[PDB]
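Input: a single structure, listed below in structure tokens.
Read-outs throughout are calculated quantities, based only on the coordinates presented, and are distinct from any laboratory measurement. All Cβ positions, even for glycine, are placed from backbone atoms using ideal geometry, and neighbour counts span all protein chains on display.
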Amino acid sequence: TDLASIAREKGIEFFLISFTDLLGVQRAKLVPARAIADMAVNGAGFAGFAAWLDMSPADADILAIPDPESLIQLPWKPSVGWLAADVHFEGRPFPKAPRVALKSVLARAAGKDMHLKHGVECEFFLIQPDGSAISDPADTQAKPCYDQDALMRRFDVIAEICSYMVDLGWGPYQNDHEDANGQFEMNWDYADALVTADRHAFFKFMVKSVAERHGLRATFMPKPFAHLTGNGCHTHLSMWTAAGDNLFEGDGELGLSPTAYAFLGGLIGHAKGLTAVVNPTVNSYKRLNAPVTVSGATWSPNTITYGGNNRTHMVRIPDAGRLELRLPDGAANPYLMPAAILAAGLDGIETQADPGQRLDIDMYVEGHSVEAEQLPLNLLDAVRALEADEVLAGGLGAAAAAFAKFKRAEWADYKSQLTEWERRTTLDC
Amino acid sequence: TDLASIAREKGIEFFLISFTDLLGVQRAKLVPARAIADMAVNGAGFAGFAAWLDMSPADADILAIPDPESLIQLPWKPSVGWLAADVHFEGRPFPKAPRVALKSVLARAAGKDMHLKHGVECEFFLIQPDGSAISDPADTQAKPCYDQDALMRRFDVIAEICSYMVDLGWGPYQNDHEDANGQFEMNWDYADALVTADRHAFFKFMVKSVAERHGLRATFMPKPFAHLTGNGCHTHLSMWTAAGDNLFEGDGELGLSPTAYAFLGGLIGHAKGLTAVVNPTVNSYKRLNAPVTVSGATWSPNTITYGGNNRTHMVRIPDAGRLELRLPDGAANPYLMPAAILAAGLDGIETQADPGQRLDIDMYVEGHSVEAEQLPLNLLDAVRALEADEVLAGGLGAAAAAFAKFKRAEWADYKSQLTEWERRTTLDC
Amino acid sequence: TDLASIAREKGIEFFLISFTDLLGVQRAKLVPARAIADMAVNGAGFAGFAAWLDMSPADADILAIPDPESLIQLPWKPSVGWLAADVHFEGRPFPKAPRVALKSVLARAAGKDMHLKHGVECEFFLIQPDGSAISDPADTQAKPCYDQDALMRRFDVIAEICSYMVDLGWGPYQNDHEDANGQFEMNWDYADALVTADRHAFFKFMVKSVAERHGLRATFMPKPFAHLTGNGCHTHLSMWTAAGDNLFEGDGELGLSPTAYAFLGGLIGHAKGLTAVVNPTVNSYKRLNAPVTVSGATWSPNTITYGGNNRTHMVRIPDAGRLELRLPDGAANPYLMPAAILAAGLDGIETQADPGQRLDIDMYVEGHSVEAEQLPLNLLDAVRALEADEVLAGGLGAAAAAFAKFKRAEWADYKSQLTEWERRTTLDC
Ligand SMILES: Nc1ncnc2c1ncn2[C@@H]1O[C@H](COP(=O)(O)OP(=O)(O)O)[C@@H](O)[C@H]1O
Ligand SMILES: Nc1ncnc2c1ncn2[C@@H]1O[C@H](COP(=O)(O)OP(=O)(O)O)[C@@H](O)[C@H]1O
Ligand SMILES: Nc1ncnc2c1ncn2[C@@H]1O[C@H](COP(=O)(O)OP(=O)(O)O)[C@@H](O)[C@H]1O
Ligand SMILES: C[S@](=O)(CC[C@H](N)C(=O)O)=NP(=O)(O)O
Ligand SMILES: C[S@](=O)(CC[C@H](N)C(=O)O)=NP(=O)(O)O
Ligand SMILES: C[S@](=O)(CC[C@H](N)C(=O)O)=NP(=O)(O)O
Ligand SMILES: [Mg+2]
Ligand SMILES: [Mg+2]
Ligand SMILES: [Mg+2]
Ligand SMILES: [Mg+2]
Ligand SMILES: [Mg+2]
Ligand SMILES: [Mg+2]
Ligand SMILES: [Mg+2]
Ligand SMILES: [Mg+2]
Ligand SMILES: [Mg+2]
């Protein structure tokens, strides 16, 4: 069946033909069902410079061609169908568009019979619409993680969204209040990277939209409050043959194969550049290497290291047959994040990279007793690392340079902003 | 029947897989019904350091394995089923988890054919959401105990909660307004210790949840107002054989057996360390040994003594065949409280402990006369006594040392806080 | 010099025995005239850890021995005499004290018959006491530099201070409104470095004091407003023989000698580490490499370069026989600044350092035109450079290590502060 028939069968009156730009912003046209057939073949036209794609106002329209397999009837508004799209320019997929960049990396891995599957942990906060405070003034205790009371106080919002994921078939399996006051996490089944990436992009839209209907606001900001735990977007990772075998399952340490350790070697080896992509904002660097929070731990990475089932490192091994990359934050691009992770891991496999020694220690407490490379400390340093990393920059194609350009502009803007701390501590010099 | 079938049968859309931590905080994940079968067998995963379990962020996930027999469909929201769970760590029940600690003491006792049954008197206040005052501004008289007017003014909340307990089969039998303005008590049938402990944990959650739905707020704080009676959590206690005989029933004084008096002897003998557990907060020590209240009596213990049917001692004998321990307050952990009480009682029975002479006097008025040992006067001293008590510390296992550690941290935090009384009386020194 | 007799003669009732700590803070004891004799010999005691000296509370008292030659009767309150002092510890001048550290460098240069003389341009803003805005709401035009109206609107403050400098014999010669709205500059004759350093320390204190008496507030903050020119503290520099000849006076380009150019070579060669000392705050790095201001130019350095009479470089040659280092800002330590500049310049002279090619262009406009090294972009990088620079670190001795430690701590504190720009631009990620 084609989209026009489906629209008629399911009662879809409009479609959002949607794409994700380099900064993660969802761009779309809302097209009435009468126009979907033509759009589905030829794509919907956009002026690319108006989005974060690093183009020019003089360029021809890009055409975003929807992937009919990605269709989602908005569970909160079923007369509307959401579609993920590949941006095309000059008759070909446009290499600066995140989804296109990911599919390229995926195609290279697939040609080696290695298929990335991943799940995302999209932690978010529920806050007042004005952004001044969390949504629940009674959520105050020092260790609020897994709080039953505060979770159930937001039951209506959380249950509504979980039930939508049940109906969409994502296989959600748990929800909780997370470690910061105001913060939540809703988990669902991993899938082929592309599937998860589209789900990741839609999920954020869904949470934000539903929150708003409830008179709340959701944020995925990496570090919205200085003294509270931040928003991670941990990525659990495994690589599979087309025949359905998990290449990461093995007889080695912690139930991992040498292929899993080499992939891990790639993450470790390329970590500095990876950070630019998966911690893509100035604020990202206040979540990494952060002072101890009120709850007693940041739970985010400080160092380029890994442990076993241990949440104090860049990588955790949570169970046999997979790796948890704890590095990414809530701002990480749903498509660029897996693309950069795969480029790194693939190079790790191809070069049989050594991940180094597993550290079975609490890095927050004992990191001083061990020599370990620190992660890049600010956005500018991460971006330089990205630019200097041939495997990453090469693997992401033109997206990498465009991304770096934008982040450098953001940095230049940020660095000129006077802060209150400066006024307080310098006025009397 | 398994949880998945029950969910379909009864229309349960989500389960709360819940455990109680060392500070009594309810920790939970909300899992959709599709995922309960896996969770019931393997348990829900948590990072234990994020709760009050005294672990490390570097530790592997604990697994909370729900007890299917504990299942409660939330009477105010039947699409959600609540389950109490045992925390497991590294393949075994985690001894720092209160519910596990209790089960361990129960198993020892049960190996001697002695089964603890207890009922709890969970006094609470209904207060304004902001915590500034009690919920009912017309509840003002000096002696408000059993006030018909003020009870019926909160009929809707109280009656709703009692009806839920009727329907859950807890066998509730009375409700009243208690001795402080704003304060209430709802009583239900005693049961095997583990059942009562689970019910106790659920009850506080239910009262808080329903209070909130009525625009009100419930608190179990031991001494929320300095001039009014505090919140106790008295435990009525008896020991039974597997065959169904109450070992406390006897031919001695007041219808008690030698076994009852030896148990009492353990309570008396271990009372100092027991206080740390059942009066577990700084504020607990403002309910114990308190100045007379507006109603004419504190009704809380001052001394390590017992009476007959007499509410002025640490222990009351309310009727043949049971003891009322009046020591515990509203902050007492639903699992550690019975665990510590049992450990002391068992040691009393095993050593044939002598509880001493029953005191048939009003200890508030005639205490000055008799030579009696006073209870610990503050949290720090009570905790010292706990650590010094081999039977208690040993019987609670690693929970004892974890608990002490947290309480010491709370004390240190508390002792540095400047109070208004100090400013008023010292500013002009 | 007999301070007791002077007190009687000039009517001095109290002395401020004053030292400058590593962060530039003026530390002092106010001693009645009856006690000056004893203090002048033995010093006034302080607990050094309570100031920014990097000591320990377990250390013996430091003793601040006043320099009677530095005596200044507060022109606005002549019953008080101010004295600059050298901190001593365990019987020897304390090497971490800025004045002591400066005198050490001066002594080395003096042994080679080279005597540093310098003048300082202590730009400041006059602001509202609450620090929210500038003091004069009518000072608003885009190019306010040398504004006659706005200067005369603050005649009373400016004139009062200038007349004080006339009377103290400092040889003031001009005052103006500077390039930022609210900003002013008052200039006086150069002198022997130690003399200028003491005058500099006193000047800041006198301006702040007099501003306050007029219901205003003075700040020397490097960049108090993002869009306006910042506060520099340019130093004009020359080296003299004990016989009274200016060694910088010469036949080379622009009336400079080979010695001047070799001194300049030290400045250029050591610029990266020098930045840490003369741009000592986080905020300093918003004045350097700043975006264009409303007035059309920042007038501060971006690059490690020099020009002729040209205000767009790190060093300007303003006239025959001297150099202007435009690098330092208003937070520069009055003693550490000259000390570090001298260490760098002496090394230049000793190694006949080559300053490179003079650039006769506007670096703000034609920086892209030529390869030039950029100055450190932030405090942490500048401090790192200080530590790696043997001449500077060695030249300032222990003061450099201690300075670097405090500034690292400042950075740690600063980098965890959430800013409004982050909230605005990241909440919707
Ligand atoms: N073999 C696998 N490869 C990739 N992801 C997996 C694999 N197995 C499970 N996952 C996914 O990993 C994610 C785990 O999330 P979560 O339960 O929140 O982990 P955590 O223990 O870090 O809190 C889920 O999305 C899950 O589906
Ligand atoms: N043999 C027993 N052992 C333990 N608890 C019991 C026994 N008999 C009754 N109880 C319980 O004791 C509790 C009494 O509560 P309550 O009526 O408020 O007592 P009181 O106000 O007199 O102190 C109830 O939970 C009741 O079920
Ligand atoms: N030979 C010299 N060595 C050091 N400083 C000098 C020398 N000659 C003049 N100065 C001082 O340099 C400073 C010049 O300040 P200023 O007039 O504000 O210069 P400009 O604004 O042109 O940069 C004055 O303090 C002046 O006394
Ligand atoms: C409890 S936590 O470790 C918290 C992570 C933190 N929010 C962060 O990554 O910044 N998350 P999880 O156990 O779900 O992996
Ligand atoms: C009337 S009272 O004695 C009050 C007890 C008091 N609230 C306390 O234990 O602090 N309780 P009960 O008669 O229910 O045992
Ligand atoms: C007009 S200016 O060049 C401005 C300097 C600026 N305030 C700065 O150095 O940041 N000062 P001057 O001419 O007095 O040397
Ligand atoms: Mg998770
Ligand atoms: Mg999480
Ligand atoms: Mg995780
Ligand atoms: Mg009762
Ligand atoms: Mg009662
Ligand atoms: Mg009772
Ligand atoms: Mg000047
Ligand atoms: Mg100037
Ligand atoms: Mg100048």
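At-a-glance table
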| read-out | value |
| --- | --- |
| Debye log10 I(q)/I(0) for the range B:1-90, one point scatterer per Cα, at q = 0.11, 0.14, 0.17 Å⁻¹ | -0.30, -0.47, -0.67 |
| Dipole moment magnitude, nearest 20 debye, the range B:104-416 about Cα centre, only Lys, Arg, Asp, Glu C-beta charged | 900 |
| Unit charges at the beta carbon, dipole of the range C:104-416: most positive-side option, C:280, C:145, C:124 | C:280 |
| Summed residue charge, Cβ within 12 Å of residue C:99's Cβ, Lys/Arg positive, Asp/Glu negative | -1 |
| GNM top mover of B:183, B:174, B:374 - chain B, alpha-carbon springs below 10 Å | B:174 |
| Using a 7 Å Cα-to-Cβ projection, residue C:420 label spacings across copies, nm, ascending | 0.9, 3.4 |
| For the range A:87-235: span of alpha carbons on each principal axis (Å, largest first) | 53, 30, 28 |
| Dimensions in Å of the protein assembly as shown - Rg and Dmax from alpha carbons | 37.5, 121 |
| Shape category assigned to the range A:104-416 from the gyration tensor of Cα positions, a/c cut at 1.5 | rounded |
| For residue C:370, inter-copy label distances in nm, listed shortest first [label point 7 Å out on the Cα-Cβ vector] | 5.1, 9.9 |
| Point-charge dipole on Cβ atoms (K/R +1, D/E -1) for the range B:288-379, about Cα centre, debye to 20 | 280 |
| Estimated D of the range C:288-336 in µm² per second, where Rh is the Kirkwood radius over Cα pairs and Stokes-Einstein applies at 20 °C, 1.002 mPa s | 182 |
| Chain A: most fluctuating residue of A:121, A:69, A:160 per GNM, C-alpha cutoff 10 Å | A:69 |
| Over 22 Å between alpha carbons, listed pairs B:286/B:407; B:112/B:407; A:143/B:96; C:10/C:208; A:143/B:415 | B:112/B:407; C:10/C:208 |
| Contact order normalised by residue count of the range B:332-429, Cα under 8 Å, 6+ apart, percent | 29 |
| Whether the range B:151-260 is rounded, prolate or oblate, judged on the alpha carbon gyration tensor where a/c under 1.5 counts as rounded | prolate |
| Cα-centred dipole magnitude for the protein assembly as shown, charges only on beta-carbon of K, R (+1) and D, E (-1), debye, nearest 20 | 960 |
| Net +/- balance of residues flanking residue C:166 in space, Cβ distance below 13 Å, scoring K and R +1, D and E -1 | -3 |
| Charge-dipole axis of the protein assembly as shown as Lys and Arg at +1 and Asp and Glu at -1 on Cβ define it, positive-most pick from C:397, A:205, B:266 | A:205 |
| Given charges at Cβ of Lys, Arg, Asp, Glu: chain C dipole, positive-most of C:5, C:370, C:177 | C:5 |
| For C:335, A:164, C:306, order by how many other beta-carbon atoms lie within 10 Å, fewest first | A:164, C:306, C:335 |
| Chain A, rotation onto B, residue closest to that axis via Cβ, with its distance in Å | A:215, 17 |
| Residue among A:186, A:152, A:114 with the largest mean-square fluctuation in a Gaussian network model of chain A, springs linking Cα atoms under 10 Å | A:152 |
| Tensor-based shape of the range C:45-110 (alpha-carbon gyration tensor, a/c under 1.5 rounded, otherwise prolate or oblate) | oblate |
| The range C:50-177 - percent relative contact order, Cα under 8 Å, separation 6 or more | 14 |
| For residue B:9, label point 7 Å along C-beta direction: distances to other copies, nm | 3.7, 10.8 |
| The range C:158-228 and the range A:21-91: distance between their alpha carbon centers, rounded to Å | 61 |
| Net +/- balance of residues flanking residue A:71 in space, Cβ distance below 13 Å, scoring K and R +1, D and E -1 | -3 |
| Chain C - percent relative contact order, Cα under 8 Å, separation 6 or more | 15 |
